[PDB]
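K.L.:
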Amino acid sequence: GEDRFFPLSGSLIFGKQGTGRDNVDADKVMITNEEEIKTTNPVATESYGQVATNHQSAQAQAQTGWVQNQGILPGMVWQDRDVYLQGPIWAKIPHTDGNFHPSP
Amino acid sequence: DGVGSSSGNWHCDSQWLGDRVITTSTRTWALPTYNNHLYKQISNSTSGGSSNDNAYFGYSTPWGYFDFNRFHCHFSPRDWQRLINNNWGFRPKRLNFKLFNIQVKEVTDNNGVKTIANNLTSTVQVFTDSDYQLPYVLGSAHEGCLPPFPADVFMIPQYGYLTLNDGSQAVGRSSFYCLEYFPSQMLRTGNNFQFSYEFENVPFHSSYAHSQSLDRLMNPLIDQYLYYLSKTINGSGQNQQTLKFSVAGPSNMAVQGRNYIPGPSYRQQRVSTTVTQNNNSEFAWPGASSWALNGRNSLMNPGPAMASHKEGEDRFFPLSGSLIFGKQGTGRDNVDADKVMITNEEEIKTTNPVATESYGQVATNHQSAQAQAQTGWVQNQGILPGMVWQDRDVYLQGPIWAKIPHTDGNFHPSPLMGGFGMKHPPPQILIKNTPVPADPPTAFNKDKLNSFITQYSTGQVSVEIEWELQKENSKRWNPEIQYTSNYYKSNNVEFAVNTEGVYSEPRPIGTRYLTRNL
């Protein structure tokens, strides 16, 4: 319902034909939208959720904090970033001891 | 096959085929009588009731076990060099264990002089647990392995295990195992024991470093076709805001986009070797990263795999994250820093974050015209979908394999201390002197016989492991780092015997010298 904003560094930004190198106006580029993927995936600009930070008691109220980042859990499901016609087809998975879901 | 014949010969050699090396090694051992032929339960309360966080309940057995889980057992320092200089990766394939030339000796102690005599008919009994039914203690990096130097004689360690407890008290689920209830193989002098084992397929260990870091994978000559937000404020003064974009390229290196990110981090406290720079407080236990289980804090010893000293400053090390090996002839407690050997993670800093430093930074709120942007620090990070790392390095003094606990699920079960995690590892090999009782009373008595004969056994073991090698294909032009000996003169030779006969290993030796492209 609000498309006015976008994640700072999380979005893909493509330039329009004949676009300068530096300090080009917002209308010179093409900003990518993640809208489709919001069913399985959290909003990039918002916290993942909320979690209890202490134990309640008769004396103590319950305090809960914000989860800013979250790793994988065992029940967790997501999708990969969308494939644009202006974007990369493949990538090389670095050769390493271990990697998780090596999708670029 | 008799008393006079020999059970087997001494076969110790390393034969290097192109793709595989076979390391045979033979030692001679001495097996005492533990617990006076008794099972006994042990707890903290047996040692002392001082700690809750330190609490245990378990059983010590008369049995003892062979442990060959360190590389120095199977490799000479020259064969380790030949391995780590010429090969990218190595993996174990098969294992062959022989036990032969067993000889049992009764100690008859007369109060004038203690006398030792050979006992021909006595037996020693040996079984391997191939069903992994007994608790598997080998993967814990306990002392008691084969000695590194083939000429030493080693005493076999006593077997024991821990089970569930609440405090020092047992739980209904705590299980008691009778090692005597098993089909062991009894054998006398003139009998030999052997078995073979084939390692389940595991990934090669990486003996290579990386020749380019994860954050520089790009072409330094060419721009990306993607843009970043370069400027927001359009100038000093009120109401100056402009979204301005720029092509990420060689000029601004950091802001480029990347397909992959470094591995997870669990932050460690940073301790400096030079002692004046450290805080004047007991921060060891209080200020250390730990993990709690069942209301019980287990200090986080090498949990993740992370670079140690960042770069250019090696003076410090992660508090509990580093591996610390002791030098030859080192005390048990409060030994000085120069008595031990501190391991360096330096190689792995290309794909992995520095252990002592935060993983990164993250936005903690939404900006607005009224509100500034606040960002916090990420102290620990889990796996993400684009995340890449490497495993901790394999030292010649360190563990070869570990047993992956049998559980519903696990992620990348590589042992955090090092080596090859295995669902079914090489089976434990347990050995005990069969008891010979002293003269029983002439009248029958219900009570079990508590009087035995002082006795011990000897013999030789042969541990033959077959390895699989991944050879260096590297195409780089310039020469490569290798492991060398310091040419400069010294009173002694490194990795050689002393004047009084004490063998020692001067420093730890990792596997990562050769490099490879990331």
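Going line by line, the protein sequences match chains K and 8. Per PDB author numbering, the very first residue in the first sequence carries number 530; after that it's consecutive. Per PDB author numbering, the very first residue in the second sequence carries number 219; after that it's consecutive. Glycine included, every Cβ here is placed at the ideal spot set by N, Cα and C.
Please tell me whether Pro-645 (chain 8) and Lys-621 (chain 8) are closer than 8 angstroms, where the distance is taken between their beta carbons.
P.N.:
Contact flag unset, no.
K.L.:
Could you tell me which chain 8 residues have their CB closer than 8 angstroms to the CB of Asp-532 (chain K), listed as they occur along the chain?
P.N.:
Ordered by position in chain 8, no residue passes the 8 angstroms Cβ test against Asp-532 (chain K), which lies about 15 angstroms from the chain.
K.L.:
Would you mind stating whether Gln-351 (chain 8) and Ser-483 (chain 8) have Cβ atoms separated by less than 8 angstroms?
P.N.:
Taking 8 angstroms as the Cβ cut-off, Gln-351 (chain 8) and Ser-483 (chain 8) do not qualify as a contacting pair.
K.L.:
Is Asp-611 (chain 8) buried or exposed, if buried means 16 or more other CB atoms sit within 10 Å of its CB?
P.N.:
Buried: at least 16 other Cβ atoms inside 10 Å.
K.L.:
Using 8 angstroms as the threshold, is the C-beta distance between residue 739 (chain 8) and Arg-300 (chain 8) below it?
P.N.:
The question about residue 739 (chain 8) has no answer here: the residues shown for chain 8 are numbered 219 through 736.
K.L.:
Are there 16 or more other CB atoms within 10 angstroms of the CB of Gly-481 (chain 8), so buried, or fewer, so exposed?
P.N.:
Burial call: buried.
K.L.:
Taking beta-carbon pairs under 8 angstroms, can you tell me which members of the stretch 538-551 of chain K lie near chain 8?
P.N.:
Listed by position, the residues of the stretch 538-551 of chain K near chain 8 (Cβ gap below 8 angstroms) are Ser-538, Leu-541, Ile-542, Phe-543, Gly-544, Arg-550 and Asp-551.
K.L.:
If you measure between the beta carbons of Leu-405 (chain 8) and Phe-411 (chain 8), is that distance less than 8 angstroms?
P.N.:
Yes.
K.L.:
Could you tell me which of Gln-495 (chain 8), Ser-538 (chain 8) and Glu-565 (chain 8) sits nearest to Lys-528 (chain 8), measuring between CA atoms?
P.N.:
The candidate whose alpha carbon is nearest that of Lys-528 (chain 8) is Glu-565 (chain 8).
K.L.:
Between the Cα of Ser-431 (chain 8) and the Cα atoms of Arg-476 (chain 8), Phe-394 (chain 8) and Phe-417 (chain 8), which residue gives the shortest distance?
P.N.:
If we check each option's Cα against that of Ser-431 (chain 8), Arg-476 (chain 8) comes out closest.
K.L.:
Shorter than 8 angstroms from the beta carbon of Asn-583 (chain K) to some beta carbon of chain 8?
P.N.:
No, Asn-583 (chain K) lies away from the interface with chain 8 (no Cβ there is under 8 angstroms from its Cβ).
K.L.:
What's the gap between the Cα of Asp-219 (chain 8) and the Cα of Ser-225 (chain 8)?
P.N.:
Whole-angstrom Cα-Cα distance: 7 angstroms.
K.L.:
Strictly by DSSP, which residues pair up with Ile-647 (chain 8)?
P.N.:
Note: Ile-647 (chain 8) sits in a beta bridge opposite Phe-284 (chain 8) and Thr-346 (chain 8).
K.L.:
For a quick check, are the C-beta atoms of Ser-576 (chain 8) and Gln-592 (chain 8) less than 8 angstroms apart?
P.N.:
Cβ distance not < 8 angstroms, so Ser-576 (chain 8) and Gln-592 (chain 8) don't count as in contact.
K.L.:
Are the C-beta of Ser-632 (chain K) and some C-beta of chain 8 separated by less than 8 angstroms?
P.N.:
It does; some Cβ of chain 8 falls within 8 angstroms.
K.L.:
Using CA atoms only, rank isn't needed, just tell me which of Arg-734 (chain 8), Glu-723 (chain 8), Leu-736 (chain 8) and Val-715 (chain 8) is closest to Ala-369 (chain 8).
P.N.:
The residue with the shortest Cα to Cα distance from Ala-369 (chain 8) is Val-715 (chain 8).
K.L.:
Decide if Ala-359 (chain 8) is buried, meaning its Cβ has at least 16 other Cβ atoms within 10 Å, or exposed.
P.N.:
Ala-359 (chain 8) is buried by the Cβ-count criterion.
K.L.:
To the nearest angstrom, report how far apart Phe-670 (chain 8) and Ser-340 (chain 8) are at their CA atoms.
P.N.:
Rounded to the nearest angstrom, the two C-alpha atoms are 13 angstroms apart.
K.L.:
Cα-Cα, which of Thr-569 (chain 8), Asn-409 (chain 8) and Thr-460 (chain 8) is closest to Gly-604 (chain 8)?
P.N.:
When only C-alpha atoms are compared, the closest one is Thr-569 (chain 8).
K.L.:
By how many angstroms is the C-alpha of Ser-263 (chain 8) removed from the C-alpha of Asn-704 (chain 8)?
P.N.:
Approximately 50 angstroms between the Cα atoms of the pair.
K.L.:
Determine, for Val-612 (chain 8), whether the minimum Cβ-Cβ distance to residues of chain K falls below 8 angstroms.
P.N.:
Answer no: the Cβ-Cβ gap between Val-612 (chain 8) and chain K never drops below 8 angstroms.
K.L.:
Of the residues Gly-236 (chain 8), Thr-246 (chain 8), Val-221 (chain 8) and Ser-223 (chain 8), which one's Cα is nearest the Cα of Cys-230 (chain 8)?
P.N.:
If we check each option's Cα against that of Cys-230 (chain 8), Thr-246 (chain 8) comes out closest.
K.L.:
Less than 8 angstroms between CB atoms is the rule here; does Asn-598 (chain K) satisfy it with respect to chain 8?
P.N.:
Judged by the 8 angstroms Cβ criterion, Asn-598 (chain K) is in contact with chain 8.
K.L.:
Quick one: Cα of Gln-579 (chain 8) to Cα of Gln-376 (chain 8), how far?
P.N.:
Straight-line Cα distance between these residues: approximately 49 angstroms.
K.L.:
My output table needs one value for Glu-684 (chain 8): the three-state DSSP class, helix, strand or coil.
P.N.:
Note: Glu-684 (chain 8) maps to strand in three-state DSSP.
K.L.:
From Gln-546 (chain K) to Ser-454 (chain 8), what does the alpha carbon distance come to, in whole angstroms?
P.N.:
Taking the straight line from one Cα to the other gives about 32 angstroms.
K.L.:
Count the other CB atoms within 10 Å of the CB of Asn-337 (chain 8); is the residue buried (16 or more) or exposed (fewer)?
P.N.:
The residue in question, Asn-337 (chain 8), is buried, as its Cβ has 16 or more Cβ neighbours within 10 Å.
K.L.:
Hey, out of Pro-468 (chain 8), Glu-563 (chain 8), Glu-418 (chain 8) and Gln-588 (chain 8), whose CA is closest to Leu-313 (chain 8)'s CA?
P.N.:
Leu-313 (chain 8) has its Cα closest to that of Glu-418 (chain 8), out of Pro-468 (chain 8), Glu-563 (chain 8), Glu-418 (chain 8) and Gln-588 (chain 8).
K.L.:
Among all the DSSP beta bridges, which residues are the ones paired with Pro-480 (chain 8)?
P.N.:
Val-606 (chain 8).
K.L.:
State the DSSP-derived secondary structure class of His-423 (chain 8), mapped to helix, strand or coil.
P.N.:
In this structure, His-423 (chain 8) counts as strand in the three-state DSSP scheme.
K.L.:
Any chance the CB of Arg-296 (chain 8) is under 7 angstroms from a heavy atom of the ligand FMN?
P.N.:
Of the ligands one can find in the structure shown there are none, so the ligand FMN has no counterpart to examine.
K.L.:
What are the boundary residues of the beta strand (DSSP E) that includes residue 763 (chain 8)?
P.N.:
The question about residue 763 (chain 8) has no answer, for chain 8 in this structure spans 219 to 736.
K.L.:
Under the rule that 16 or more other beta-carbon atoms within 10 Å means buried, what is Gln-403 (chain 8), buried or exposed?
P.N.:
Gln-403 (chain 8) should be labelled exposed.
K.L.:
Using CA atoms only, rank isn't needed, just tell me which of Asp-626 (chain K), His-624 (chain K) and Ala-555 (chain K) is closest to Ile-542 (chain K).
P.N.:
When only C-alpha atoms are compared, the closest one is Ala-555 (chain K).
K.L.:
Cα-Cα, which of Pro-295 (chain 8), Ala-661 (chain 8) and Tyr-446 (chain 8) is closest to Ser-469 (chain 8)?
P.N.:
Answer by Cα proximity: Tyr-446 (chain 8).
K.L.:
Could you check what DSSP says for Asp-626 (chain 8) in three-state terms: helix, strand or coil?
P.N.:
Coil at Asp-626 (chain 8), not helix or strand.
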